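Have a look at model13.txt below; it lists compact mmCIF, C-alpha atoms and all ligand atoms.
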```txt
# COMPACT_ATOMS: atom_id res chain seq x y z
CA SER O 7 0.00 0.00 0.00
CA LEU O 8 1.26 3.54 -0.47
CA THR O 9 0.02 5.34 2.66
CA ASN O 10 3.60 5.43 3.94
CA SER O 11 4.88 7.04 0.71
CA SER O 12 6.65 10.35 1.19
CA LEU O 13 6.28 11.24 -2.49
CA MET O 14 2.57 10.58 -3.24
CA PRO O 15 1.40 13.88 -1.69
CA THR O 16 3.62 15.92 -4.06
CA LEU O 17 3.17 13.92 -7.28
CA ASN O 18 1.10 14.83 -10.35
CA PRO O 19 -2.53 13.74 -9.72
CA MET O 20 -2.55 11.36 -12.70
CA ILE O 21 0.51 9.67 -11.22
CA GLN O 22 -1.25 9.27 -7.88
CA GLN O 23 -4.34 7.84 -9.60
CA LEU O 24 -2.26 5.25 -11.44
CA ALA O 25 -0.22 4.18 -8.40
CA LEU O 26 -3.53 3.69 -6.55
CA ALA O 27 -5.00 1.75 -9.45
CA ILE O 28 -1.92 -0.43 -9.69
CA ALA O 29 -1.88 -1.13 -5.94
CA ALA O 30 -5.56 -2.01 -5.95
CA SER O 31 -4.77 -4.47 -8.75
CA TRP O 32 -1.79 -6.15 -7.12
CA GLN O 33 -3.51 -6.53 -3.77
CA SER O 34 -5.92 -9.03 -5.31
CA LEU O 35 -2.88 -11.16 -6.20
CA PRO O 36 -1.24 -13.57 -3.74
CA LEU O 37 1.58 -11.03 -3.29
CA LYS O 38 4.94 -12.08 -1.91
CA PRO O 39 7.58 -9.45 -1.14
CA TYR O 40 10.53 -9.18 -3.52
CA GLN O 41 13.90 -8.25 -2.08
CA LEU O 42 15.66 -5.28 -3.63
CA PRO O 43 19.10 -4.07 -2.45
CA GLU O 44 18.94 -2.59 1.09
CA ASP O 45 19.76 0.95 -0.10
CA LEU O 46 17.57 1.02 -3.23
CA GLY O 47 14.09 0.86 -1.73
CA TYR O 48 14.39 4.57 -1.01
CA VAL O 49 16.91 6.77 -2.83
CA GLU O 50 17.70 10.43 -2.23
CA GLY O 51 20.33 12.63 -3.86
CA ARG O 52 20.92 15.82 -5.82
CA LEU O 53 20.73 16.46 -9.54
CA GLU O 54 22.00 19.88 -10.60
CA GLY O 55 20.97 21.60 -7.38
CA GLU O 56 17.58 19.89 -7.12
CA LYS O 57 16.57 17.13 -4.71
CA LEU O 58 16.07 13.77 -6.43
CA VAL O 59 13.95 11.22 -4.59
CA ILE O 60 12.91 7.69 -5.57
CA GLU O 61 10.69 5.12 -3.89
CA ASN O 62 10.84 1.55 -5.14
CA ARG O 63 8.34 -1.16 -4.21
CA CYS O 64 8.70 -4.79 -5.25
CA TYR O 65 6.65 -7.93 -4.99
CA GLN O 66 6.17 -11.29 -6.66
CA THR O 67 3.71 -14.14 -7.03
CA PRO O 68 4.28 -17.64 -8.45
CA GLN O 69 3.39 -16.25 -11.90
CA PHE O 70 5.27 -12.92 -11.59
CA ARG O 71 8.99 -13.03 -10.89
CA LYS O 72 9.22 -9.33 -10.05
CA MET O 73 6.48 -6.71 -9.73
CA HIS O 74 8.10 -3.29 -9.59
CA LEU O 75 6.49 0.10 -8.85
CA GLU O 76 8.81 3.08 -8.99
CA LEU O 77 7.86 6.65 -7.99
CA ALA O 78 10.21 9.58 -8.48
CA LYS O 79 10.45 13.36 -8.18
CA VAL O 80 13.58 14.41 -10.08
CA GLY O 81 13.94 17.90 -8.66
CA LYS O 82 10.63 19.76 -8.50
CA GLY O 83 10.14 20.06 -12.23
CA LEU O 84 9.75 16.34 -13.05
CA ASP O 85 7.56 13.52 -11.73
CA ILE O 86 7.88 9.86 -12.71
CA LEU O 87 5.82 6.69 -12.43
CA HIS O 88 7.49 3.55 -13.71
CA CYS O 89 5.86 0.18 -13.42
CA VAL O 90 6.74 -3.26 -14.71
CA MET O 91 5.35 -6.72 -13.96
CA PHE O 92 7.93 -9.34 -14.85
CA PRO O 93 6.29 -12.63 -15.88
CA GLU O 94 7.72 -15.80 -14.31
CA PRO O 95 8.86 -17.66 -17.52
CA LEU O 96 7.21 -21.01 -16.71
CA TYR O 97 3.82 -19.33 -17.20
CA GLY O 98 4.37 -17.45 -20.46
CA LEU O 99 2.30 -14.42 -19.37
CA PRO O 100 2.62 -11.09 -21.30
CA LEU O 101 4.68 -8.18 -20.00
CA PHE O 102 2.77 -5.40 -18.24
CA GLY O 103 4.40 -1.99 -18.39
CA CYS O 104 3.35 1.56 -17.51
CA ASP O 105 5.29 4.87 -17.54
CA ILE O 106 4.21 8.45 -16.87
CA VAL O 107 6.36 11.56 -17.29
CA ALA O 108 4.84 14.65 -15.70
CA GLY O 109 5.75 18.08 -14.40
CA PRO O 110 3.95 20.99 -12.69
CA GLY O 111 2.21 21.98 -15.92
CA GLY O 112 0.89 18.49 -16.56
CA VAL O 113 1.49 15.08 -18.08
CA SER O 114 3.78 15.09 -21.12
CA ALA O 115 3.92 11.30 -21.63
CA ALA O 116 1.85 8.33 -20.60
CA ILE O 117 2.42 4.87 -21.98
CA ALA O 118 0.97 1.49 -20.99
CA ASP O 119 1.13 -1.91 -22.68
CA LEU O 120 0.85 -5.68 -22.33
CA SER O 121 4.01 -6.75 -24.17
CA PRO O 122 3.90 -10.23 -25.75
CA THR O 123 6.64 -12.50 -24.43
CA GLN O 124 6.04 -15.30 -26.96
CA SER O 125 8.33 -15.80 -29.95
CA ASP O 126 5.28 -15.29 -32.17
CA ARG O 127 5.31 -11.89 -30.45
CA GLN O 128 1.55 -12.12 -29.97
CA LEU O 129 -1.00 -12.10 -27.15
CA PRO O 130 -3.10 -15.06 -25.97
CA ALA O 131 -6.52 -15.36 -27.63
CA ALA O 132 -8.10 -14.91 -24.18
CA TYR O 133 -6.51 -11.46 -23.97
CA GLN O 134 -7.44 -10.49 -27.52
CA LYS O 135 -11.05 -11.43 -26.87
CA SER O 136 -11.34 -9.52 -23.58
CA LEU O 137 -9.41 -6.52 -24.94
CA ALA O 138 -11.79 -6.25 -27.89
CA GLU O 139 -14.91 -6.73 -25.78
CA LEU O 140 -13.93 -3.25 -24.57
CA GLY O 141 -13.26 -1.43 -27.85
CA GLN O 142 -10.82 1.24 -29.05
CA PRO O 143 -11.00 4.11 -26.37
CA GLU O 144 -10.44 7.75 -27.50
CA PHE O 145 -7.02 9.29 -28.03
CA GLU O 146 -5.52 12.35 -29.10
CA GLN O 147 -1.88 13.06 -29.79
CA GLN O 148 -0.53 9.55 -30.07
CA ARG O 149 3.24 9.17 -29.97
CA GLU O 150 6.28 7.90 -31.87
CA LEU O 151 7.28 4.39 -30.89
CA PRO O 152 11.11 4.25 -31.20
CA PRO O 153 13.30 1.77 -33.14
CA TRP O 154 14.02 0.05 -29.82
CA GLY O 155 10.28 0.22 -29.24
CA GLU O 156 9.80 -3.01 -31.17
CA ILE O 157 9.42 -5.01 -27.94
CA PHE O 158 6.01 -3.40 -27.32
CA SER O 159 2.69 -4.93 -28.33
CA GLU O 160 -0.08 -3.28 -30.36
CA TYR O 161 -2.95 -2.67 -27.91
CA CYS O 162 -0.33 -0.38 -26.38
CA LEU O 163 -1.33 3.21 -25.60
CA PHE O 164 1.05 6.18 -25.70
CA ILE O 165 -0.17 9.75 -25.53
CA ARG O 166 -0.06 13.21 -24.04
CA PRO O 167 -3.45 13.51 -22.35
CA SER O 168 -5.23 16.86 -22.79
CA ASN O 169 -7.87 17.27 -20.11
CA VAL O 170 -8.58 15.56 -16.78
CA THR O 171 -10.72 13.40 -19.07
CA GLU O 172 -8.17 11.77 -21.36
CA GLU O 173 -6.24 11.13 -18.14
CA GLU O 174 -9.01 9.24 -16.38
CA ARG O 175 -9.56 7.04 -19.36
CA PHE O 176 -5.90 6.50 -19.60
CA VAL O 177 -6.04 5.35 -15.98
CA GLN O 178 -9.23 3.38 -16.62
CA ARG O 179 -7.64 1.66 -19.60
CA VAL O 180 -4.71 0.59 -17.43
CA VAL O 181 -7.17 -0.72 -14.82
CA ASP O 182 -8.82 -2.80 -17.57
CA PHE O 183 -5.43 -4.10 -18.74
CA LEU O 184 -4.57 -5.06 -15.18
CA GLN O 185 -7.91 -6.71 -14.52
CA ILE O 186 -7.57 -8.86 -17.64
CA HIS O 187 -3.89 -9.54 -16.88
CA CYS O 188 -4.41 -10.50 -13.24
CA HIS O 189 -7.36 -12.72 -14.00
CA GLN O 190 -5.45 -14.58 -16.69
CA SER O 191 -2.58 -15.14 -14.24
CA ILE O 192 -4.39 -17.09 -11.55
CA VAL O 193 -5.35 -19.51 -14.31
CA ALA O 194 -2.07 -19.79 -16.20
CA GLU O 195 -0.56 -23.24 -16.56
CA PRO O 196 3.13 -24.25 -16.45
CA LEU O 197 4.57 -24.42 -19.95
CA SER O 198 7.17 -26.81 -21.36
CA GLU O 199 10.85 -26.80 -20.50
CA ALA O 200 11.54 -25.79 -24.06
CA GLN O 201 9.04 -22.94 -24.39
CA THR O 202 9.79 -21.47 -20.87
CA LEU O 203 13.35 -20.97 -22.15
CA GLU O 204 11.94 -18.93 -25.01
CA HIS O 205 9.75 -16.82 -22.72
CA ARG O 206 12.86 -16.16 -20.61
CA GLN O 207 14.55 -14.99 -23.81
CA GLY O 208 11.47 -12.89 -24.46
CA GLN O 209 12.04 -11.05 -21.19
CA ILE O 210 15.82 -10.79 -21.50
CA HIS O 211 15.36 -9.16 -24.93
CA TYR O 212 12.74 -6.83 -23.44
CA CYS O 213 14.79 -5.58 -20.48
CA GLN O 214 17.71 -4.77 -22.89
CA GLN O 215 15.69 -3.16 -25.68
CA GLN O 216 14.05 -0.92 -23.11
CA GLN O 217 17.37 -0.01 -21.47
CA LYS O 218 17.84 1.78 -24.79
CA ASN O 219 16.51 4.86 -23.08
CA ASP O 220 19.58 6.57 -21.62
CA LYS O 221 17.24 9.29 -20.44
CA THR O 222 16.87 7.49 -17.10
CA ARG O 223 20.44 6.20 -17.14
CA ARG O 224 21.84 9.65 -18.01
CA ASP O 225 20.02 11.44 -15.17
CA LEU O 226 21.12 8.79 -12.67
CA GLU O 227 24.62 9.09 -14.12
CA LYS O 228 24.81 12.85 -13.47
CA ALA O 229 23.49 12.42 -9.93
CA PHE O 230 25.24 9.29 -8.74
CA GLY O 231 27.83 8.39 -11.37
CA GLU O 232 27.86 5.57 -13.93
CA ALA O 233 28.78 2.72 -11.57
CA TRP O 234 25.75 3.48 -9.37
CA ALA O 235 23.49 4.17 -12.38
CA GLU O 236 24.52 0.89 -14.04
CA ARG O 237 23.83 -1.11 -10.86
CA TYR O 238 20.41 0.57 -10.66
CA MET O 239 19.56 -0.29 -14.31
CA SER O 240 20.57 -3.92 -13.96
CA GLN O 241 19.50 -4.49 -10.37
CA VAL O 242 16.31 -2.46 -10.06
CA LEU O 243 14.97 -1.45 -13.46
CA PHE O 244 15.77 -4.30 -15.82
CA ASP O 245 17.47 -7.15 -13.99
CA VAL O 246 18.54 -10.02 -16.27
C1 LIG O 301 9.22 2.19 -21.37
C2 LIG O 301 9.32 3.58 -21.36
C3 LIG O 301 10.31 4.26 -20.65
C4 LIG O 301 11.22 3.73 -19.74
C5 LIG O 301 11.52 2.26 -19.44
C6 LIG O 301 11.87 4.83 -19.18
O1 LIG O 301 12.82 4.77 -18.41
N1 LIG O 301 11.38 5.95 -19.71
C7 LIG O 301 10.45 5.64 -20.61
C8 LIG O 301 9.81 6.42 -21.58
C9 LIG O 301 9.91 7.80 -21.57
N2 LIG O 301 10.53 8.68 -20.77
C10 LIG O 301 10.45 9.91 -21.28
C11 LIG O 301 11.05 11.12 -20.93
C12 LIG O 301 11.78 11.37 -19.79
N3 LIG O 301 12.14 10.65 -18.71
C13 LIG O 301 13.06 11.29 -18.01
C14 LIG O 301 13.72 11.01 -16.81
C15 LIG O 301 13.49 9.84 -16.10
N4 LIG O 301 12.67 8.81 -16.30
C16 LIG O 301 12.79 7.94 -15.31
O2 LIG O 301 12.16 6.88 -15.21
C17 LIG O 301 13.73 8.40 -14.40
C18 LIG O 301 14.14 7.71 -13.09
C19 LIG O 301 14.18 9.61 -14.90
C20 LIG O 301 15.12 10.47 -14.35
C21 LIG O 301 15.78 10.18 -13.15
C22 LIG O 301 13.33 12.48 -18.67
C23 LIG O 301 14.44 13.47 -18.30
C24 LIG O 301 12.52 12.55 -19.79
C25 LIG O 301 12.47 13.62 -20.88
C26 LIG O 301 11.18 14.43 -20.79
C27 LIG O 301 10.50 14.56 -22.16
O3 LIG O 301 11.20 14.92 -23.12
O4 LIG O 301 9.28 14.27 -22.21
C28 LIG O 301 9.75 9.85 -22.47
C29 LIG O 301 9.44 10.97 -23.47
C30 LIG O 301 10.58 11.10 -24.48
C31 LIG O 301 10.05 11.43 -25.88
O5 LIG O 301 8.81 11.36 -26.05
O6 LIG O 301 10.90 11.67 -26.76
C32 LIG O 301 9.42 8.51 -22.65
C33 LIG O 301 8.78 7.93 -23.91
```

Would it be possible to restate this file's structure as structure tokens?
Amino acid sequence: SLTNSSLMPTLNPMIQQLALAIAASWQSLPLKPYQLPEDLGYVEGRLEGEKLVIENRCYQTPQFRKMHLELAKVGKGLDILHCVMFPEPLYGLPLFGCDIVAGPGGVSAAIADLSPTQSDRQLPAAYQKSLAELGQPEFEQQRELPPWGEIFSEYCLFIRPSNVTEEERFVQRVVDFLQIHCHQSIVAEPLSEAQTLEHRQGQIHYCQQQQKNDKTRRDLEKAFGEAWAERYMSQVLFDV
């Protein structure tokens, strides 16, 4: 739960809403704590004169190797919400991912997706059915998916909301993704010892293709140096 968070009170409202939505979702799962390095659950430093604060929260269930929720205020001009649910290979579940970049003015970037971990790079029929029983929802000002953005799926959103209306429907869309994703996880069956290997490759590839985003690495580099930043990227953000 986030009632002990020191950052939630000062974060963009849309960020708050998503963190709440994500917590509500994970609480319905048989959550087991995930151990992150002793000094990385809560990080505080300075980036060009501004206070940089990060709160990391991690959990896991038999079907999710690592469920990570990251909240950050990089100075007082930038807010961050980073969330990733790492699928335990043996179950072949898709990759849930959500990211929000915001500032005082508002939200400049919001992206959520259920990334296929299969080699076919597709989603289970069960997902496709449920996702479509909802229908294509709004959205204005889509965004450019990068060359390293191949790892993503298609039902994936990515926008710059406009009013407190395209925000609430972004949130609501994430809630729907999570509901479908959680439900399909309590009824996922162990795959083969061949296939599991492939799903583990599916995640390894993901973590690396996403790390192609030196925007997070660069900021952590300027604040803590490259050795610390690299340990954060490989230990917290995208462990192999
Ligand atoms: C999977 C997606 C993804 C992952 C994994 C990820 O790490 N970022 C992700 C995406 C993403 N980030 C974005 C931007 C910014 N993020 C930070 C900083 C930090 N972000 C952090 O998480 C931490 C801890 C930071 C600092 C400590 C800054 C400085 C900016 C530039 C602000 C801007 O120009 O809008 C954008 C917009 C870029 C664009 O549209 O061209 C996107 C798409």

Contacts with ligand LIG 301 (chain O) at most 9 Å, only C-alpha atoms and all ligand atoms counted, listed as a count of residues only: 51

Top pick for closest residue to residue 22 of chain O, considering O:137, O:165, O:91, O:177 and counting all atoms listed in the file: O:177

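Restricting the calculation to only C-alpha atoms, the smallest distance between residue 234 of chain O and any of O:81, O:51, O:210, O:176 is found for O:51.
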
Separation of atom CA of residue 92 of chain O from atom CA of residue 231 of chain O, in Å and rounded to one decimal: 26.9 Å

So that each row is one residue of segment 68-168 of chain O with an atom at most 12 Å from segment 31-37 of chain O, can you give its shortest atom pair and the distance in Å to one decimal, using only C-alpha atoms, rows by chain and rising number, as a Markdown table?
```
| residue | atom | partner | partner_atom | distance |
| --- | --- | --- | --- | --- |
| O:68 | CA | O:36 | CA | 8.3 |
| O:69 | CA | O:36 | CA | 9.8 |
| O:70 | CA | O:37 | CA | 9.3 |
| O:71 | CA | O:37 | CA | 10.8 |
| O:72 | CA | O:37 | CA | 10.3 |
| O:73 | CA | O:32 | CA | 8.7 |
| O:74 | CA | O:32 | CA | 10.6 |
| O:75 | CA | O:32 | CA | 10.5 |
| O:89 | CA | O:32 | CA | 11.8 |
| O:90 | CA | O:32 | CA | 11.8 |
| O:91 | CA | O:32 | CA | 9.9 |
```

Between atom CA of residue 25 of chain O and atom CA of residue 182 of chain O - distance in Å to one decimal: 14.4 Å

Distance in Å - atom CA of residue 123 of chain O versus atom CA of residue 246 of chain O: 14.6 Å

Using all atoms listed in the file: which of O:63, O:166, O:206, O:82 has the shortest distance to residue 148 of chain O: O:166

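Minimum atom-to-atom distance to residue 45 of chain O, evaluated using only C-alpha atoms, belongs to O:238 out of O:238, O:198, O:10, O:205.
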
Contact residues around residue 174 of chain O with all atoms listed in the file at 12 Å, ignoring same-chain residues under 2 positions, as a PyMOL selection string: chain O and resi 19-24+27+116+143-145+167-172+176-181
